[PDB]
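One chain comes next, on its own, written out as structure tokens in the form deposited in one PDB entry.
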């Protein structure tokens, strides 16, 4: 019975490698496309002075054309929020995990968020103008980035806290529901009607106050626990991470099983049979649920589910059929099912593994953990929810 405001998301894993939405900024409104990013806190984009940025769907935001825009000046005053002051403006800067360094200056202006059912919420936000962009940002259709994390006590008020402060008719919950193509952002709750069958939401406490981290205790495949370490892994729930990132030790164990499932020479029956026998020797023992492993192999072989490899040895199958579920054990020791229609993504006519080794010791639950689920950010109760869903698609 909760009031829900719904926003269209566009995007995919293979071609965009993010999901984005449109927002209005300034007076009169300027439509701007933003990467939906629960892994950062800012709202930012190029602005018209920019001489070192990338080309995007929209022209850089034009400050002179917004009657309500206001650049944040300093060095005749102090920069609030402990920001740097360079050449008289409060400096915007962000280092991202992928390696991008984005810098510029801060300004505030009116933000208008409008649902596709014409429900409008409007407020001023302190936003960053990109004056320098880098690397992946130079090859990106989306114009800017919309961080969805929470405000710190003496920090910049973020989009999400502002949205709810100016929309008291909504409960402080946002849900991301991504498909292979586009998806949906919901403010005010989740939609039970999208839920598969009717399946129940699996809840976890967030492990840090202003960021979306949860603990993962185990990661099973064919009945084998691949996590070697005792402390649960603290993983960022990040819609701005194309893939799910895991430790090397963990990745290599999973990848060993995925390598065997990846048969690149089905035309070669002799070599296939050799793989089968090699697999029976190696894994027909109590360390593995061998039944399921052979079940998976036979399915893959019977349906001629050919595999090919792409960059860094990532495996791509013709079909989802035959691939096993992975099982994620969360904090309260719930064993959650991670299906191939999530951890594999569509690339051309194949389904490719959306799991990588981590960089900088940062484990991340990325879009391949969001896909075909409702991921529910219950800000009020400090928890994140997961449930299998038929998410909307765009286009």
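For the two forms, the rigid core is made up of the largest set of C-alpha atoms that agree within 1.5 Å on superposition. Numbering follows the first chain given and starts at 1.
Undergrad: Per the record, how many residues of the deposited chain fall between residue 87 and residue 88 without being modelled: none, 1 to 3, 4 to 9, or 10 or more?
TA: Missing residues, residue 87 to residue 88: none.
Undergrad: Got a sec? Mean C-alpha B-factor, which is higher, 341-349 or 326-334?
TA: Looking at the recorded C-alpha B-factors, 326-334 comes out higher on average.
Undergrad: Between 115-123 and 142-150, which has the larger average Cα B-factor in the PDB entry?
TA: Stretch with the greater average CA B-factor: 115-123.
Undergrad: Using the temperature factors in the entry, find which of 223, 182, 188, 168 has the highest value at its Cα atom.
TA: Largest recorded C-alpha B-factor: 223.
Undergrad: Kindly indicate the residue among 172, 94, 228, 244 with the greatest C-alpha B-factor in the PDB record.
TA: The listed residue with the largest C-alpha B-factor is 228.
Undergrad: Divide the modelled residues of the chain into thirds by Cα B-factor and specify which third, lowest, middle or highest, holds residue 33.
TA: Ranked within chain, residue 33 CA B lands in the lowest tercile.
Undergrad: Give the position of residue 103 by CA B-factor within its chain, expressed as the lowest, middle or highest third.
TA: Middle third, going by the recorded CA B-factors of the chain.
Undergrad: Ranking the modelled residues of this chain by C-alpha B-factor as given in the entry, is residue 49 in the lowest, middle or highest third?
TA: CA B-factor rank for residue 49: highest third.
Undergrad: Could you say whether, by C-alpha temperature factor, residue 305 belongs to the lowest, middle or highest third of its chain?
TA: It falls in the middle third of the chain.
Undergrad: Splitting the chain's C-alpha B-factors into thirds, which one does residue 109 fall into?
TA: Lowest third of the chain for residue 109's C-alpha B-factor.
The form deposited in another entry is left out here; the points below concern that form.
Undergrad: Upon rigid core superposition, which of the listed residues (302, 308, 287, 136) is displaced by 2 angstroms or more at its Cα between the shown form and the other one?
TA: Once the cores are aligned, the residue moving by 2 Å or more is 287.
Undergrad: After a core superposition, would you say residue 165 shifts its C-alpha by at least 2 Å between the shown form and the other one?
TA: The answer is no, as the C-alpha of residue 165 shifts between the shown form and the other one by less than 2 Å after core alignment.
Undergrad: Would the C-alpha of residue 154 be classed as shifted by 2 Å or more between the shown form and the other one after rigid-core alignment?
TA: It does not, since the residue 154 C-alpha is displaced less than 2 Å between the shown form and the other one after the core fit.
Undergrad: After a rigid core superposition, would you say the CA of residue 76 moves by 2 angstroms or more between the shown form and the other one, or not?
TA: Yes, because once the rigid core is superposed, the C-alpha of residue 76 moves 2 Å or more between the shown form and the other one.
Undergrad: Would one find the Cα atoms of residue 323 and residue 287 closer or farther in the other entry than in this form, where their distance changes by 3 Å or more?
TA: Closer in the other entry, by 3 Å or more.
Undergrad: Comparing against this form, do residue 287 and residue 300 have their CA atoms pulled together or pushed apart in the other entry? The difference is 3 Å or more.
TA: Relative to the shown form, the pair is closer.
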